[PDB]
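Take a look at the structure below.
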Amino acid sequence: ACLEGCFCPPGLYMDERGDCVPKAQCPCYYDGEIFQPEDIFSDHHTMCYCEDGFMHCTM
Amino acid sequence: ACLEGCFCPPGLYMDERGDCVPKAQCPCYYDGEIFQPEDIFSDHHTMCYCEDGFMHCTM
Amino acid sequence: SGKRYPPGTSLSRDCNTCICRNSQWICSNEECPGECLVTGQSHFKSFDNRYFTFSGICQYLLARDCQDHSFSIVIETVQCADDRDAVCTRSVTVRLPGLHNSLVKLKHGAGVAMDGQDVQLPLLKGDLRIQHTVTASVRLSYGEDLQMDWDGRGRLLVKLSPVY
Amino acid sequence: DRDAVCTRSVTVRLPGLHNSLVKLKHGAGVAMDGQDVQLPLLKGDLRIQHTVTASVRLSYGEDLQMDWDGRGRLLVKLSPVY
C-alpha cells in the first residue's frame, strides 16, 4: 500500500546500519550474501560481480 | 582480550541502530525481548520492569 | 452518509461495491477478510467487529483453526503498570502444524524466536515469510491466508481471508 | 586475473547437533539449513555472534572457533584435544 513511516528521499536507499545511502555503495545480497559494492567473484564456470546493489552473474 | 576496532567512549553504550547511547535509553533484552527503556510489565504473579538496560523482575 | 450521489455511480466499501439505481443502492454480499485486533492495555476486537476488554493475565487462546488445525495463536498477557487495571500483552505464540509442527514466538522487541532460536529477518521458509515492515515492526505471512503484526509493545493484528 | 582466487563462503557441518549444516556467507551473514539467522545464536553448544559488529564468530563448545568468511579471512581455533 501507500504506507506511513520514516523514509528518506528517493535518491537515498536504506542501508543496514540505520543510515540510507545512494545506490552506488548499496551492497548486493546474492544468495543472501552481503557483497560489498565492488566484488569480483566467480567459479571456473560462472562469472559474477556486484555493481550497484544488483549482482551481475554470467556463465 | 584487548581487541582493536571501532568503540565509542565509556559513557556511551552501543545501540542496535549503529549509534551508541548512554545507558539511560539503553533497552533491555529480557528473554531476548527488546523492551523500551521504560516498560512496566507483569503477570499476576511476577512483576517486572526495564530500568536502564537491566530488567528488574520480582515475584 | 448525509450526502447525495447521482444515479449510476458506484461507490465502494472496503468489502465490495454498490451502485445507485432508482434511489436504491444495489450491493453484493461477497465475503471479505476479518481482523481480530489487540492493542492498548486489554482492548480486543473480534473478527465480527465486536469490541470489549478482559484484563486477564494468562496464556489465553486468541484464535485457532477449529475444524482442521492449520494453525493456532496464543496470546500471553501481563499486568503492565502499578495499577491492577493495566494488563498489556508481552508476547504471542504461533504454532504451525503444517511445517514441522514448529512453534514461533513473537517477542516484546521486534524479535521473533522459532523453536527457541532467534532469527534474522527476512525469514523465507517455504510458506511463512517474516520480515520487518517499517524496520520497527514485524510481519508474519503464512501462505496467503494469514498475516500478523508487531507484538512488541502489544498491538497484535491478524488478517484472515474468507477461506476461514 | 586468472591468478586471483578468493573465498566466497565456507560450509560447516555438525553431526553432533541435528546433523545440521551451517553456512557462512560472504556478508557477515550466516545461514543454518537454508535459514538466515540473527546474531547471537545460542543453541546448546554453538554460539554465533558478531565480534566488532563487522565479523562473525562461531563457537562450538569450547574446542572450536571460527572467523569471518565475508571477504575471505577464515580462521580456526582447534584446542589440543584434536
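Those protein sequences? They're chains A, B, C and D, same order as listed.
Okay, so the first sequence: first residue is 682 according to PDB author numbering, each after it adds one.
Okay, so the second sequence: first residue is 682 according to PDB author numbering, each after it adds one.
Okay, so the third sequence: first residue is 353 according to PDB author numbering, each after it adds one.
Okay, so the fourth sequence: first residue is 435 according to PDB author numbering, each after it adds one.
Yeah, the Cβ is synthetic: ideal placement off N, Cα and C, and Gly gets one too.
request  = Step through the CB atoms of chain C and report whether any lies within less than 8 Å of the CB of residue 709(A).
outcome  = Locating residue 709(A) in the first sequence gives position 28, where the first residue counts as 1. Between residue 709(A) and chain C, the shortest Cβ-Cβ separation is not below 8 Å.
Exposed or buried, what is residue 398(C) when buried is set at 16 or more other beta-carbons lying within 10 Å of its beta-carbon?
Within the third sequence, the letter at position 46 stands for residue 398(C). Residue 398(C) should be labelled exposed.
Within 8 Å (strictly less), CB to CB, does residue 415(D) reach chain A? Nothing can be reported for residue 415(D), as the shown portion of chain D is limited to 435 through 516.
Contact set between the stretch 455-484 of chain C and chain B, restricted to residues whose Cβ is under 8 Å from the partner | Answer set for the stretch 455-484 of chain C: 459, 460, 461, 462, 463, 465 and 470.
Tell me the rounded alpha-carbon separation between residue 690(A) and residue 363(C).
Here the question's residue 690(A) lines up with position 9 in the first sequence. Here the question's residue 363(C) lines up with position 11 in the third sequence. About 35 Å.
Cut-off 6 Å between Cβ atoms - residues of its own chain near residue 728(B), not counting five sequence neighbours on either side: On the second sequence, residue 728(B) is found 47 positions in, with the first residue counted as 1. So the list reads 739, once near-sequence residues are dropped.
ask   = Got a sec, what are the start and stop residues for the beta strand (DSSP E) residue 304(C) sits in?
value = Look at the range of chain C in this structure, 353 to 516, and you will see that residue 304(C) is not part of it.
Which residues in chain A have a C-beta closer than 8 Å to the C-beta of residue 699(B)? List them in chain order. Here residue 699(B) corresponds to residue number 18 of the second sequence, with the count starting at 1. Per Cβ cutoff of 8 Å: 698, 699 and 700.
Exercise. What first and last residue would you give for the beta strand (DSSP E) that runs through residue 714(A)?
Worked result: Here residue 714(A) refers to the residue found at position 33 when the first sequence is read from its first residue. Its beta strand (DSSP E) spans residues 714-716.
Taking buried to mean at least 16 other C-beta atoms within 10 Å of its own C-beta, is residue 502(D) buried or exposed?
-> Taking the first residue of the fourth sequence as 1, we reach residue 502(D) at position 68. Looking at its Cβ environment, which holds 16 or more other Cβ atoms inside 10 Å, residue 502(D) is buried.
Can you have a look at residue 722(A) and say buried or exposed, based on whether 16 or more other CB atoms are within 10 angstroms of its CB?
-> The sequence position of residue 722(A) within the first sequence is 41, counting from 1. With 16 or more other Cβ atoms within 10 Å, it is buried.
Query raised in the report: Can you tell which of 385(C), 492(C) and 383(C) has the C-alpha that lies nearest to the C-alpha of residue 463(C)?
Result: As a working mapping, residue 463(C) is identified with position 111 in the third sequence. When each option's Cα is compared against that of residue 463(C), the closest is 492(C).
- Three-state class that DSSP yields for residue 498(C) in the structure shown: Position 146 of the third sequence, counted from the start, is the residue given in the question as residue 498(C). Residue 498(C): strand per DSSP, three-state reduction.
Does the beta-carbon of residue 431(C) have 16 or more other beta-carbons within 10 angstroms, so that it is buried, or is it exposed?
If you number the third sequence from 1, residue 431(C) lands on position 79. Residue 431(C) comes out buried.
Terminal residues of the continuous beta strand (DSSP E) containing residue 445(C)?
Position 93 of the third sequence, counted from the first residue, corresponds to residue 445(C). Segment 439-447, the beta strand (DSSP E) holding residue 445(C).
Would you verify that the beta carbon of residue 734(A) is, or is not, closer than 8 Å to some beta carbon of chain C? Here residue 734(A) refers to the residue found at position 53 when the first sequence is read from its first residue. Among the CB atoms of chain C, none fall inside 8 Å of the CB of residue 734(A).
query: Where DSSP assigns a beta bridge to residue 483(D), which residues make up the other side?
result: Along the fourth sequence, read from residue 1 onward, the residue named residue 483(D) stands at position 49. According to DSSP, residue 483(D) bridges with 491(D).
For residue 683(A), would you say it is in contact with chain C, using Cβ-to-Cβ distances shorter than 8 Å as the test? Start at 1 with the first residue of the first sequence, and residue 683(A) comes out as number 2. Any Cβ of chain C closer than 8 Å to the Cβ of residue 683(A) would place that residue at the interface, and such an atom is absent.
Cβ neighbour criterion (16 or more within 10 Å) applied to residue 684(A) | Within the first sequence, the letter at position 3 stands for residue 684(A). Exposed, because fewer than 16 other Cβ atoms sit within 10 Å of the Cβ of residue 684(A).
| Sorted by chain position, which residues of the same chain lie with C-beta nearer than 8 Å to residue 403(C)'s C-beta, five sequence neighbours on each side aside? | In the third sequence, residue 403(C) corresponds to position 51, counting from 1. Non-local C-beta neighbours of residue 403(C) in its own chain, meaning closer than 8 Å and more than five positions away in sequence, comprise 395, 396 and 397, ordered along the chain.
Q: Note the first and the last residue of the continuous beta strand (DSSP E) segment covering residue 384(C).
A: By 1-based counting over the third sequence, the position of residue 384(C) is 32. Segment: none, residue 384(C) is in no beta strand (DSSP E) and carries neither H nor E.
Own chain partners of residue 730(A) with C-beta closer than 7 Å, once the 5 adjacent residues on each side are dropped: For the purposes of this step, residue 730(A) is taken as the residue at position 49 of the first sequence. Result list for residue 730(A): 720, 721, 722 and 737, in chain order.
Got a sec: is the Cβ-Cβ distance from residue 486(D) to anything in chain B below 8 Å?
-> Indexing the fourth sequence from 1 puts residue 486(D) at position 52. Output row for residue 486(D): interface = yes.
task = Can you pull the chain C residues whose beta carbon is under 9 Å from the beta carbon of residue 687(A), in chain order?
result = Numbered from 1 along the first sequence, position 6 holds the residue referred to as residue 687(A). Residues of chain C passing the Cβ test: 486, 487 and 488.
task: Compute the distance between the beta-carbons of residue 713(B) and residue 461(C), then report whether it is under 8 Å.
output: Sequence index remark: in the second sequence, residue 713(B) carries index 32 (1-based). Sequence index remark: in the third sequence, residue 461(C) carries index 109 (1-based). Closer than 8 Å, so yes.
What whole-angstrom Cβ distance do residue 469(C) and residue 457(D) have, given they're in contact under 8 Å?
The count along the third sequence starts at 1 and reaches residue 469(C) at position 117. The count along the fourth sequence starts at 1 and reaches residue 457(D) at position 23. A Cβ-Cβ separation of about 15 Å leaves residue 469(C) out of contact with residue 457(D) under the 8 Å criterion.
**Message:** Among 439(D), 489(D), 466(D) and 486(D), whose alpha-carbon lies nearest the alpha-carbon of residue 480(D)?
**Reply:** Indexing the fourth sequence from 1 puts residue 480(D) at position 46. The shortest C-alpha separation from residue 480(D) is found at 466(D).
Sequence-distant residues of the same chain with beta carbon closer than 8 Å to residue 439(C), five excluded per side = Residue numbering aside, residue 439(C) sits at position 87 when the third sequence is read from its first letter. If we look at residue 439(C) and ignore the five residues flanking it on each side, its Cβ neighbours are 393, 394, 407, 408, 409, 429, 430, 431 and 432.
| task | Give a yes or no on whether the C-beta atoms belonging to residue 703(B) and residue 692(B) are separated by under 8 Å. | result | Position 22 of the second sequence, counting from 1, holds the residue named residue 703(B). Position 11 of the second sequence, counting from 1, holds the residue named residue 692(B). At the C-beta level, residue 703(B) and residue 692(B) come within 8 Å of one another.
For residue 714(A), return the contacting residues in chain D, with the cut-off set at a CB-CB distance below 8 Å. Walking along the first sequence from the start, residue 714(A) turns up at place 33. Those are 442, 443, 459, 460, 461 and 463, listed as they occur along chain D.
* To do: Verify the CB distance criterion: does residue 725(B) have a CB-CB separation below 8 Å to chain C?
  => Along the second sequence, read from residue 1 onward, the residue named residue 725(B) stands at position 44. Interface residue, yes.
ask   = To which residues does DSSP link residue 465(C) through a beta bridge?
value = Start at 1 with the first residue of the third sequence, and residue 465(C) comes out as number 113. In the DSSP output, where bridge partners are listed per residue, residue 465(C) has 457(C) and 470(C).
Task: Test item: CB-CB of residue 455(C) and residue 442(C) under 8 Å - done: Your numbering for residue 455(C) matches position 103 in the third sequence. Your numbering for residue 442(C) matches position 90 in the third sequence. In this structure, residue 442(C) does not lie closer than 8 Å to residue 455(C) by Cβ.
Using only CA atoms, which one of 496(D), 506(D), 449(D) and 500(D) lies nearest to residue 513(D)? Counting from one through the fourth sequence, the residue named residue 513(D) turns up at place 79. The shortest C-alpha separation from residue 513(D) is found at 496(D).
request  = Let me know if residue 412(C) comes out buried or exposed under the rule of 16 or more other beta-carbons within 10 Å of its beta-carbon.
outcome  = Stepping through the third sequence from its first residue, residue 412(C) is reached at position 60. So residue 412(C) ends up on the exposed side.
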